[PDB]
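K.L.:
One file: run_39.txt (compact mmCIF, C-alpha atoms).
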```
# COMPACT_ATOMS: atom_id res chain seq x y z
CA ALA Q 848 150.46 112.87 275.59
CA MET Q 849 149.36 114.94 272.59
CA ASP Q 850 147.16 117.47 274.38
CA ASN Q 851 147.29 121.17 275.12
CA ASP Q 852 148.76 120.53 278.59
CA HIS Q 853 151.83 119.03 276.90
CA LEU Q 854 152.10 121.28 273.84
CA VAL Q 855 155.60 122.71 273.51
CA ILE Q 856 155.16 124.69 270.29
CA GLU Q 857 153.33 124.99 266.98
CA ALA Q 858 155.59 126.58 264.38
CA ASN Q 859 155.71 127.14 260.64
CA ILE Q 860 158.68 126.17 258.47
CA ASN Q 861 158.94 127.69 254.98
CA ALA Q 862 159.54 124.42 253.13
CA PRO Q 863 157.37 121.54 251.89
CA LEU Q 864 156.50 118.66 254.20
CA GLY Q 865 158.73 116.05 252.56
CA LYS Q 866 161.76 118.33 252.47
CA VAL Q 867 161.50 119.24 256.17
CA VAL Q 868 160.96 115.64 257.29
CA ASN Q 869 163.70 114.20 255.06
CA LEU Q 870 166.11 116.97 256.11
CA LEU Q 871 165.77 115.78 259.72
CA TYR Q 872 165.23 112.03 259.30
CA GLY Q 873 166.75 111.14 255.92
CA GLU Q 874 170.13 109.77 254.97
CA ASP Q 875 172.15 112.98 255.51
CA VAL Q 876 172.36 113.01 259.29
CA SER Q 877 174.65 116.04 259.32
CA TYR Q 878 171.63 118.34 259.62
CA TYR Q 879 170.29 116.77 262.81
CA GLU Q 880 173.84 116.57 264.16
CA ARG Q 881 174.18 120.30 263.48
CA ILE Q 882 170.94 120.91 265.39
CA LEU Q 883 172.15 118.86 268.35
CA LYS Q 884 175.41 120.84 268.48
CA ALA Q 885 173.50 124.12 268.24
CA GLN Q 886 171.49 122.90 271.26
CA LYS Q 887 174.84 122.65 273.14
CA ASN Q 888 174.98 118.84 273.16
CA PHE Q 889 178.30 117.10 272.63
CA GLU Q 890 179.82 113.62 272.46
CA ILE Q 891 177.16 112.84 269.85
CA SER Q 892 177.37 109.25 268.64
CA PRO Q 893 176.88 108.70 264.88
CA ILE Q 894 173.20 109.08 264.04
CA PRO Q 895 171.99 106.10 261.96
CA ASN Q 896 171.25 107.19 258.40
CA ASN Q 897 168.67 104.43 257.79
CA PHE Q 898 165.71 105.70 259.84
CA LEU Q 899 163.20 105.88 257.00
CA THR Q 900 163.76 102.20 256.11
CA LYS Q 901 164.28 100.73 259.58
CA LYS Q 902 161.56 102.93 261.20
CA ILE Q 903 163.85 103.34 264.23
CA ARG Q 904 167.18 104.90 265.06
CA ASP Q 905 169.15 104.89 268.31
CA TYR Q 906 171.99 107.20 269.26
CA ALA Q 907 173.30 109.07 272.28
CA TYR Q 908 174.84 112.35 273.34
CA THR Q 909 175.85 114.27 276.44
CA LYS Q 910 173.62 117.18 277.51
CA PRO Q 911 174.73 119.95 279.89
CA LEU Q 912 172.44 120.49 282.87
CA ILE Q 916 169.62 119.15 292.00
CA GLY Q 917 171.22 116.50 289.81
CA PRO Q 918 174.48 116.26 287.87
CA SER Q 919 175.91 119.08 285.79
CA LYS Q 920 175.49 116.93 282.66
CA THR Q 921 174.12 113.56 281.75
CA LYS Q 922 174.11 111.01 278.97
CA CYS Q 923 170.95 111.01 276.86
CA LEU Q 924 169.98 107.75 275.15
CA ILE Q 925 167.71 108.54 272.18
CA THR Q 926 165.27 106.21 270.43
CA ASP Q 927 163.39 107.69 267.45
CA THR Q 928 160.55 105.69 265.91
CA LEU Q 929 158.62 106.49 262.74
CA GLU Q 930 154.99 106.28 263.86
CA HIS Q 931 153.38 107.55 260.64
CA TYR Q 932 154.70 108.75 257.27
CA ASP Q 933 152.22 110.06 254.68
CA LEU Q 934 153.46 113.01 252.63
CA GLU Q 935 149.87 113.74 251.56
CA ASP Q 936 148.86 114.18 255.21
CA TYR Q 937 151.29 114.12 258.15
CA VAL Q 938 154.45 112.52 259.53
CA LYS Q 939 154.80 111.55 263.20
CA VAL Q 940 158.10 110.80 264.93
CA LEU Q 941 158.24 109.63 268.53
CA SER Q 942 161.52 110.36 270.34
CA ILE Q 943 162.15 108.62 273.68
CA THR Q 944 164.98 109.95 275.85
CA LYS Q 945 166.40 107.85 278.68
CA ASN Q 946 168.65 109.39 281.36
CA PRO Q 947 169.89 106.51 283.52
CA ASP Q 948 172.46 108.74 285.29
CA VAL Q 949 170.09 111.26 286.93
CA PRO Q 950 168.02 110.98 290.12
CA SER Q 951 164.95 108.80 289.51
CA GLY Q 952 166.48 108.19 286.06
CA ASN Q 953 165.77 104.47 286.28
CA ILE Q 954 162.00 105.00 286.65
CA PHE Q 955 161.13 107.54 283.97
CA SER Q 956 161.56 108.16 280.27
CA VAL Q 957 160.96 111.38 278.35
CA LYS Q 958 158.62 111.28 275.36
CA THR Q 959 158.77 113.98 272.68
CA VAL Q 960 156.36 113.85 269.75
CA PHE Q 961 157.19 115.67 266.50
CA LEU Q 962 154.14 116.07 264.24
CA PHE Q 963 154.78 117.45 260.74
CA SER Q 964 151.80 118.43 258.60
CA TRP Q 965 150.98 120.68 255.67
CA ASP Q 966 150.64 124.43 256.14
CA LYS Q 967 149.65 127.19 253.75
CA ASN Q 968 151.56 127.94 250.54
CA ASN Q 969 153.39 124.59 250.36
CA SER Q 970 154.91 124.97 253.85
CA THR Q 971 155.15 122.78 256.95
CA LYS Q 972 153.54 122.97 260.38
CA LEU Q 973 155.62 121.46 263.18
CA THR Q 974 153.77 120.54 266.37
CA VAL Q 975 155.84 119.36 269.33
CA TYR Q 976 154.55 117.66 272.49
CA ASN Q 977 156.54 116.59 275.55
CA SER Q 978 155.69 114.39 278.53
CA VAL Q 979 157.32 112.09 281.07
CA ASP Q 980 156.39 108.41 281.46
CA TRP Q 981 156.85 107.14 285.03
CA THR Q 982 157.39 103.47 285.88
CA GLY Q 983 158.08 103.97 289.59
CA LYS Q 984 157.54 106.22 292.59
CA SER Q 985 159.41 109.52 292.75
CA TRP Q 986 159.15 112.43 295.16
CA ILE Q 987 160.62 114.92 292.68
CA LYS Q 988 158.18 114.26 289.82
CA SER Q 989 156.99 117.85 289.37
CA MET Q 990 160.55 119.18 289.44
CA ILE Q 991 161.62 116.67 286.80
CA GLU Q 992 158.56 117.27 284.62
CA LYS Q 993 158.95 121.07 284.72
CA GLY Q 994 162.70 121.02 284.12
CA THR Q 995 162.20 118.54 281.29
CA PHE Q 996 159.44 120.55 279.63
CA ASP Q 997 161.31 123.86 279.90
CA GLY Q 998 164.40 122.17 278.47
CA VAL Q 999 162.51 120.86 275.46
CA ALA Q 1000 160.97 124.29 274.94
CA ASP Q 1001 164.47 125.80 274.92
CA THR Q 1002 165.95 123.20 272.59
CA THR Q 1003 162.96 123.15 270.22
CA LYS Q 1004 163.31 126.91 269.73
CA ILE Q 1005 166.96 126.36 268.77
CA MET Q 1006 165.95 123.56 266.41
CA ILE Q 1007 163.51 125.83 264.58
CA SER Q 1008 166.12 128.60 264.35
CA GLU Q 1009 168.68 126.12 263.01
CA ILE Q 1010 166.29 124.66 260.43
CA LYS Q 1011 165.66 128.18 259.10
CA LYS Q 1012 169.42 128.68 258.75
CA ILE Q 1013 169.86 125.37 256.95
CA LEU Q 1014 167.06 126.31 254.53
CA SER Q 1015 168.18 129.94 254.03
CA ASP Q 1016 169.91 129.08 250.72
```
Before anything else, please render the file you have as structure tokens.

P.N.:
Amino acid sequence: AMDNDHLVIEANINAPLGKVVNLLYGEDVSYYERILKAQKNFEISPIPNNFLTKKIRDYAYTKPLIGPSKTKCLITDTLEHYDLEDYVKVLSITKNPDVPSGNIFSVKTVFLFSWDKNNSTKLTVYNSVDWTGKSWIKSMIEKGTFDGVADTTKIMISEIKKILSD
């Protein structure tokens, strides 16, 4: 999952590791909600503010998009690793039960945050699809999924820079 074939982006953010991670996953969920709206999602359910204690948060939103023009995204974030002296890893699973083959795949996005030069943060994003059944549109789904995450991750980085521009 975390290999060059599935690498979406490696990007620098001009803030320390703990600030970037806690901006996105801490108790003020308005920042991630702002990112989701900037990515053109809507009908966003309240993001749980307790991720760093529970190690999981679930929420949902509607994403505009063969297939429907939009679909409900069910999000499960899990905190896989948290060490502010080293790296933080968040796994985000997206389920799309309302799309073709949507009952036999999930989308896995890995956010890796580590230290970069001059007290900054390196963000590494991977994306893959996990199949649990047979589908004859697998390549189409994997390509559309990957391109979509590339598009939305670029918006996320732009939005984080705006949030931190004070």

K.L.:
Which is closer to residue 905 in chain Q than all the others in Q:1012, Q:945, Q:920, Q:853, using only C-alpha atoms?

P.N.:
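Checking each candidate against residue 905 in chain Q, we get Q:945 as the closest.
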
K.L.:
Give me, as JSON, numbers by chain, all polymer residues having an atom no more than 9 Å from residue 997 in chain Q, counting all atoms listed in the file and skipping those fewer than 5 positions away in the same chain.

P.N.:
{"Q": [855, 992, 1002]}

K.L.:
Which distance in Å separates CA of residue 967 in chain Q and CA of residue 875 in chain Q, to one decimal?

P.N.:
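It comes out at 26.7 Å.
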
K.L.:
Residues of range 904-1008 of chain Q within 10 Å of range 883-900 of chain Q: nearest atom pair and distance (Å, one decimal) for each, counting only C-alpha atoms, sorted by chain and number, as a tab-separated table?

P.N.:
```
residue	atom	partner	partner_atom	distance
Q:904	CA	Q:898	CA	5.5
Q:905	CA	Q:895	CA	7.1
Q:906	CA	Q:894	CA	5.7
Q:907	CA	Q:892	CA	5.5
Q:908	CA	Q:891	CA	4.2
Q:909	CA	Q:889	CA	5.3
Q:910	CA	Q:888	CA	4.9
Q:911	CA	Q:888	CA	6.8
Q:920	CA	Q:888	CA	9.7
Q:922	CA	Q:890	CA	9.0
Q:923	CA	Q:891	CA	9.5
Q:924	CA	Q:892	CA	10.0
Q:925	CA	Q:894	CA	9.8
Q:927	CA	Q:898	CA	8.2
Q:928	CA	Q:898	CA	8.0
Q:929	CA	Q:899	CA	7.4
Q:932	CA	Q:899	CA	9.0
Q:1001	CA	Q:886	CA	8.4
Q:1002	CA	Q:886	CA	5.7
Q:1003	CA	Q:886	CA	8.6
Q:1004	CA	Q:886	CA	9.2
Q:1005	CA	Q:886	CA	6.2
Q:1006	CA	Q:886	CA	7.4
Q:1008	CA	Q:885	CA	9.5
```

K.L.:
Restricting the calculation to all atoms listed in the file, which member of Q:943, Q:962, Q:864, Q:1014 is positioned closest to residue 903 in chain Q?

P.N.:
Q:943

K.L.:
Enter the distance from CA of residue 873 in chain Q to CA of residue 938 in chain Q, in Å, rounded to one decimal.

P.N.:
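Distance reported for this atom pair: 12.9 Å.
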
K.L.:
So that I can check the surroundings of range 952-956 of chain Q, please list as an MDAnalysis selection string every protein, DNA and RNA residue that reaches within 6 Å of it, counting all atoms listed in the file and ignoring chain neighbours fewer than 3 positions away.

P.N.:
chainID Q and resid 944:947 949 979:983

K.L.:
Between CA of residue 971 in chain Q and CA of residue 877 in chain Q, measure the distance and give it in Å to one decimal.

P.N.:
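For CA of residue 971 in chain Q relative to CA of residue 877 in chain Q, the distance reads 20.8 Å.
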
K.L.:
Mind working out the centre and edge lengths of an axis-aligned box for range 895-903 of chain Q, all listed atoms inside, 6 Å added to each side, rounded to one decimal in Å and written as lines of an AutoDock Vina configuration file?

P.N.:
```
center_x = 166.8
center_y = 104.0
center_z = 260.2
size_x = 22.4
size_y = 18.5
size_z = 20.1
```

K.L.:
For each of Q:881, Q:958, Q:901, Q:866, take the minimum atom-to-atom distance to residue 975 in chain Q, counting all atoms listed in the file, then give the residue where this is smallest.

P.N.:
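The answer is Q:958, which sits nearest to residue 975 in chain Q.
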
K.L.:
Select, from Q:994, Q:918, Q:865, Q:950, the residue with the minimum atom-to-atom distance to residue 936 in chain Q, counting all atoms listed in the file.

P.N.:
Q:865

K.L.:
List every protein, DNA or RNA residue that has at least one atom no more than 9 Å from (152.4, 122.6, 276.0) in the file's coordinates, counting only C-alpha atoms, and write the result as an mmCIF file with C-alpha atoms, in the frame of the given file.

P.N.:
```
data_model
loop_
_atom_site.group_PDB
_atom_site.id
_atom_site.type_symbol
_atom_site.label_atom_id
_atom_site.label_comp_id
_atom_site.auth_asym_id
_atom_site.auth_seq_id
_atom_site.Cartn_x
_atom_site.Cartn_y
_atom_site.Cartn_z
ATOM 1 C CA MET Q 849 149.360 114.940 272.590
ATOM 2 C CA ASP Q 850 147.160 117.470 274.380
ATOM 3 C CA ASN Q 851 147.290 121.170 275.120
ATOM 4 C CA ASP Q 852 148.760 120.530 278.590
ATOM 5 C CA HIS Q 853 151.830 119.030 276.900
ATOM 6 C CA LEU Q 854 152.100 121.280 273.840
ATOM 7 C CA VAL Q 855 155.600 122.710 273.510
ATOM 8 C CA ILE Q 856 155.160 124.690 270.290
ATOM 9 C CA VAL Q 975 155.840 119.360 269.330
ATOM 10 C CA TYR Q 976 154.550 117.660 272.490
ATOM 11 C CA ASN Q 977 156.540 116.590 275.550
ATOM 12 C CA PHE Q 996 159.440 120.550 279.630
ATOM 13 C CA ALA Q 1000 160.970 124.290 274.940
#
```
